[PDB]
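To start, the structure under review is shown below, and the notes come after it.
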Amino acid sequence: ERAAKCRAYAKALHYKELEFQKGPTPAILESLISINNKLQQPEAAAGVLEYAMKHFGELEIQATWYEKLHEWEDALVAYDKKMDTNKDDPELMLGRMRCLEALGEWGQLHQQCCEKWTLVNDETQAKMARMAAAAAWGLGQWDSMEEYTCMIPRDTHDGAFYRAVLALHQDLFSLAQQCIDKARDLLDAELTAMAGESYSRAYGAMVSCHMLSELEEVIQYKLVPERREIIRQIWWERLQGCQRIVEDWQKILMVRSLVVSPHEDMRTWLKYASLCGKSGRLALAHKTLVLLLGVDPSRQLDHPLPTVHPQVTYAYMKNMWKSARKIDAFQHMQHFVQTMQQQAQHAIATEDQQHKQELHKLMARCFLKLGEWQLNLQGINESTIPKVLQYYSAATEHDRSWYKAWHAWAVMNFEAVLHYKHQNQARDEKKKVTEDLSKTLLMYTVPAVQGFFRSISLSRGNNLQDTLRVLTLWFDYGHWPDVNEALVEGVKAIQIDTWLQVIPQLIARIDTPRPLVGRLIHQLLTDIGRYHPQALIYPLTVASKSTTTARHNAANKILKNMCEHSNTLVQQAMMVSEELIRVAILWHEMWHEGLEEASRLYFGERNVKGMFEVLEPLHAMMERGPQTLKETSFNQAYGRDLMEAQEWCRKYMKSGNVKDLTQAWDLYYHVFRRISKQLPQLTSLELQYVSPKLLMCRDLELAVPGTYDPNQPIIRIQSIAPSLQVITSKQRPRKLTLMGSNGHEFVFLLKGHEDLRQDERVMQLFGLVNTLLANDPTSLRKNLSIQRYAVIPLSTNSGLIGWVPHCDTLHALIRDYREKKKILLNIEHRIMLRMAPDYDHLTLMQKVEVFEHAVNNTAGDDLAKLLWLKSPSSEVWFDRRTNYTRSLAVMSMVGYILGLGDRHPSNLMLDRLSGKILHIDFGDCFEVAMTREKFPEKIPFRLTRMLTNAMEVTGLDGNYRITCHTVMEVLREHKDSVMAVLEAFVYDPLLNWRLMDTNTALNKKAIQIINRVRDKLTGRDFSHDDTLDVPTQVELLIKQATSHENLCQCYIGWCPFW
Amino acid sequence: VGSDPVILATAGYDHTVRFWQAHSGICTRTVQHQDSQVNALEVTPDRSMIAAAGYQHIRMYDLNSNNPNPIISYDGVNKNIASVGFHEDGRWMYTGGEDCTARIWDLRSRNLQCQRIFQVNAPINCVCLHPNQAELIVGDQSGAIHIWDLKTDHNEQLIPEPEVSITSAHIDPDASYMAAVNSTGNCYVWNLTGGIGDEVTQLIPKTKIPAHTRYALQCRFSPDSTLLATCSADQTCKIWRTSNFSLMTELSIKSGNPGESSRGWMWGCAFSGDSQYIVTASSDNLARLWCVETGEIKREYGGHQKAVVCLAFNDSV
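Taken in sequence, the protein lines are chains P and H.
Per this note's numbering, the first sequence starts with residue 1, numbered consecutively.
Per this note's numbering, the second sequence starts with residue 1059, numbered consecutively.
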């Protein structure tokens, strides 16, 4: 019954939205926030009001807009401005007051009511009473309250509520008990009207129902002497648990204030004041603490703070810091700690060993703040470094088992190392210089290593950053005896689990030329071999076949060692990966690319020595002979010609005649044409012809690729499906499908000539970003996540990609719609070329015209429209859309930080059941797409028109922008984690190749990229000199993503008009 | 086709440069301009040839000899050439490139490269030469206007509205006013300080006209100095008077039906000698002759299959 209730709204909204499409009136705009509210979708409705502001300043007192936005502090100082210019206006006065009640400014709300009482007409007076009652309640003026409560009718739920509160002050129980049950039904029947306040009083009825159950808990407290601890516990649990905003919680505590004073209840009121501080209502947070101190608004401003309650003072200090007065805050802290250690050492009689411990914990927190603040005021330099480290190590002592404490100490040492390094690079731009530096770096390196180790063991599960840092120090400096010792020590101490997280980063250094670092890497990998070998066999197998010799040597040494306990798993992994590389690119496809290349080098470039280097591995490949039926059937129809083509090539080698070499090419092009004709005649592959060894595979102990994790039972490769569908790209991926030992099937894209190492580390980054979103409460509340897939490299060319189910590319969905609707698929393109045959060569101005022409003669609604017709009902349509908007904004922001280029309509897809978005292909990363020569990107992410359309109407103001902020806020907070991960691949020795392609040392280049990322994560990504806060930077980006001047410049294939 | 007292020339995306006889609407001749759209057209002061600024070239076709193809090409610059401008003594030609250079070309010499280069930061949308022949006003995409002193090689720069691309700039024959027009749609007007004999040339700002809401594409002063015409993406040419900077006449090509797509942008205008008439370049494939006082459409020039982005107009004795 309630299930079918939202369906009606969801369907009504769809048409109501399409009505806004027809003509945006205030008539639709009003009847759209309302339906969005009943649909319990608050942030999407918030966007409707944003549009209402930005187009219709027509229900505008600027203070009514600030009121509707719940921006009470702006609305108050706007209602001041409007009032002192005009007269007394009984409308503005109530407006002015509503701000003061939602600010919880009872001091003035009671004042301003009594300051104007002849000017209260019987309309104005009726509203007046309700607010001046809570104002009196907030000031414990029960005389004033009762006089105002005698003014509010018993018919209003509000009236009946304030009677319940007044009887409870006066200890009348059965009176108040009735008043509650009557205030319920006068609100039960109230919300049936639904027209007064449809959500801010429906969520605010949950305020009242909470308050009315809490008032029934208060009636229990003042009447049952044994439910003291029990009620207080449910009061405390549903406080760390319960999330209700500042304003609501003023009221919630006011109920409890009847029964418990703040002094008996410090942990509650501090947590409350913590939240007022966290949300940014500082002057309110202050007033709470002031009350708890039993002294001090900052009034005796020159005096010491009172130690009286050490816990309260500490909060006050960080409030003061969070205010403006932060030199002051730093000073009061330095002194507070000095007091605390003396109140420990000397005042400890041995009986107080709980009080010693909690006090020692407080100090650790103070010591951390001191270090944090010192850096904020002074930065990192010669004078601050030893002082902060002192504060940090102090914190280390007082709470030996605190992650934060150990982390901060580690980081400070690490940044001390960096400070001196970066100082020395600065020195060299302009003997004893190195020797002092050696001792300086070592001084801070060993501690940093130790710190990061103790912090790693204090995390466990969440420590990617700390782990990666340990590797930075290891790979950078771990060949100095002292540093090495610390590492060996640490490696022993830390659980082995840790390193799995970091396996690709380690393997990347298998071949380290430094001997001391090499040893420990091999040592470690061997031990990660012993326990959970699954996590190593695929990557080690990749490494063991490597043109770079020292890589493959050292890989095999580990696999040798792994055989002595896991032999037939190693053997299986060896074989399965061999056969997959064979299947990835068949013998003829290898010959195809190798003859494009050799014809470019010889004919198109005049290079026989290059040409010879291309063909020689291919001829030598076949010199081993056919191994599969498909290898023979090739070798049959072509082999004869090729062996003889090589013959003529080697006749030239000793003669030099072009006529010896043209007879070779005459043979080469025979097979080349022949291959090309047969190429789109591979739409399927059969495992019995292509790799028999794989068909044969039954019940292996090798895990299904990238399914191993230690928490969960091993899914092994039970059997491989005998047929591989070949997707017809220019790369031609095979659709490989394995049966798991668990029952379920597992589908992969087996890819030839596609370096998947990049996508691998990118998938890693999403992992972390996923963690941080699961961890930030708001982000969890909204289910913000990245859809990721398995990435299993197999060599430089090849590798497997997890096939995500139920997804179709943007392109596919549009193709299908346009054909179904008999629209020519490529209509904008054809429109554009008809108008301007030279489109790509036009001035920006000229381009914009043609772009605009195309857009204005085509429907932008395709994606929106298809997503509607797809859905089996309207409430499923709605959720899918909520999901869509959210998931797209997640990847907008993350994508932007990563610098993820090339987001054309085949490179993002949509899961047709949830509506969530998926990015594939992480080739173009960092600014790469934008820095290129021909068709550079101007876009920070695709916020293309059909995407926008497919949102709600008011989309960009709604969920999209709000989600954008949230994601970005998470990113900026956790910048260090994100930077650790990126730095890991930017400085990865094997992956530096992506940024020398700006041509069509790298040390220098790498630095740039990372700066660019740091910039983005601090809002210094537009102006060097301004530091933009989140909502500003997001707004700049949406602006940028959306600029026609930008979009018209995109390579046509990217489809700027989609 | 140069022997005729009036020269009216039209180019755009259809790979032709067409010459019209102004008083009839009949097309005199067409000239093949393949492989690019034409960005700008200017007839040389001495009416000997017309220049076609395009993509990575300036091509120059003869007006005196009827029928051949280009006399002079200029190559080897990259990205578009947006503005052409000529010096009166016919030897110097000026260009503005997307390649962020103002280029002075020796027309009476054979080098395929140019005499001087002034490099700025953004692409240059327009170049025009102060009547005193000693200064090049250069307007770029960053929103800067550079006064290039062709004598000192000193540059001076000026930003009316920051971060917004300035699109065209012009300067009245008498040299009392300079106009610049930007992608916001504003028209900025400056007064000019006649310290010309000793080289000063100050600009003292007079007005910002909110000429349009869409991109302003060109501005031009009547030879009279009575009027300032303004062309826009809003499908309009707005003729402003220099006494009030009030609107006098509006020429438009709007649909007169709110559901018709924008039927073409107003890319260019040239006034007649007497300042009685104005010519109009449009994306609807037509050049138009208007009466300036009435806003009546006196003639329509209809030959091009694709859009028109250019005019050149000429009355000289």
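The C-beta atom is built at its ideal place from N, Cα and C for all residues, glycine as well.
- By the Cβ neighbour-count rule, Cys150(P) is exposed, with fewer than 16 other Cβ atoms within 10 Å of its own.
- Between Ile1116(H) and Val1096(H), the C-beta spacing is not below 8 angstroms.
- For the stretch 997-1017 of chain P, the set of residues with a beta-carbon nearer than 7 angstroms to any beta-carbon of chain H is empty.
- Under the Cβ distance rule, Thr843(P) counts among the residues neighbouring chain H, one pair being separated by less than 8 angstroms.
- Collapsing the DSSP output to three states places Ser200(P) in coil.
- Comparing alpha-carbon positions, the option among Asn1169(H), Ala1370(H), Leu1261(H), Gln1079(H) lying closest to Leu1216(H) turns out to be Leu1261(H).
- Annotation: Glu849(P) to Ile1195(H) spans about 26 angstroms, alpha carbon to alpha carbon.
- For the set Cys563(P), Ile786(P), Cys807(P), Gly277(P), the Cα lying nearest the Cα of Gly895(P) is the one of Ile786(P).
- Contact between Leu293(P) and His309(P) holds, since their C-beta atoms are separated by about 7 angstroms, short of 8 angstroms.
- Residue-level contact check: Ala854(P) does not touch chain H, since none of the beta carbons of chain H fall below 8 angstroms from its beta carbon.
- Its Cα nearest to that of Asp1021(P), the residue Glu927(P) stands out among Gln1049(P), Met996(P), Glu927(P).
- Proximity of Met211(P) to chain H, defined by a Cβ-Cβ separation below 8 angstroms, is not satisfied.
- As DSSP reads the structure, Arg1299(H) sits in a beta bridge with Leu1285(H).
- In the DSSP annotation of this structure, the continuous segment of the alpha helix (DSSP H) that includes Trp249(P) starts and ends at 246-256.
- For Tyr1235(H), the closest Cβ of chain P is not nearer than 8 angstroms.
- If you look at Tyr1119(H), you'll find it in the beta strand (DSSP E) that goes 1116-1120.
- Counting only the Cα atoms, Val671(P) lies some 41 angstroms from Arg834(P).
- Note on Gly1314(H): under 16 other CB atoms within 10 angstroms of its CB, so exposed under the neighbour-count rule.
- At least one CB atom of chain H sits nearer than 8 angstroms to the CB of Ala836(P).
- Per DSSP, reduced to three states, the secondary structure at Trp117(P) is coil, with no helix or strand assignment.
- Any Cβ of chain P closer than 8 angstroms to the Cβ of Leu1285(H) would place that residue at the interface, and such an atom is absent.
- Across the structure, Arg732(P) and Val726(P) are spaced so that their CA atoms are roughly 6 angstroms apart.
- For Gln636(P), there is no enclosing beta strand (DSSP E), as DSSP gives it neither H nor E.
- The stretch 98-117 of chain P makes contact with the stretch 130-138 of chain P; the number of CB pairs closer than 8 angstroms reaches 3 or more.
- Following the DSSP letters along the chain, one finds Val1185(H) in no alpha helix (DSSP H) but inside the beta strand (DSSP E) bounded by residues 1182-1187.
- Contact between the stretch 546-563 of chain P and the stretch 507-523 of chain P is established, with three or more Cβ pairs separated by less than 8 angstroms.
- In this structure, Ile1108(H) is the residue among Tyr1132(H), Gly1155(H), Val1135(H), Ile1108(H) with its C-alpha nearest to the C-alpha of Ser1123(H).
- Given a length threshold of 3 residues, the stretch 135-206 of chain P has no whole run of the beta strand (DSSP E) inside it.
- The shortest C-alpha to C-alpha distance from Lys369(P) to any of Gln343(P), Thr384(P), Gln334(P), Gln378(P) is the one to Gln334(P).
- A contact between stretches requires three or more CB pairs, one per stretch, nearer than 8 angstroms, and the stretch 181-196 of chain P meets this requirement with the stretch 151-158 of chain P.
- Just measuring C-alpha positions, the residue of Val488(P), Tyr531(P), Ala493(P), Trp499(P) sitting nearest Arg519(P) is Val488(P).
- Residue contact with chain H for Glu937(P): absent (no Cβ-Cβ distance below 8 angstroms to any residue of chain H).
- For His853(P), there is no enclosing beta strand (DSSP E); the residue is part of the alpha helix (DSSP H) that begins and ends at 844-855.
- DSSP places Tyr669(P) within a helical segment (H, G or I) once states are collapsed to three.
- When C-beta atoms of the stretch 522-541 of chain P are compared with those of the stretch 571-585 of chain P, three or more pairs fall below 8 angstroms, so the two segments count as touching.
- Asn381(P) does not reach chain H, its nearest Cβ partner there being about 35 angstroms away, counting only Cβ pairs nearer than 7 angstroms.
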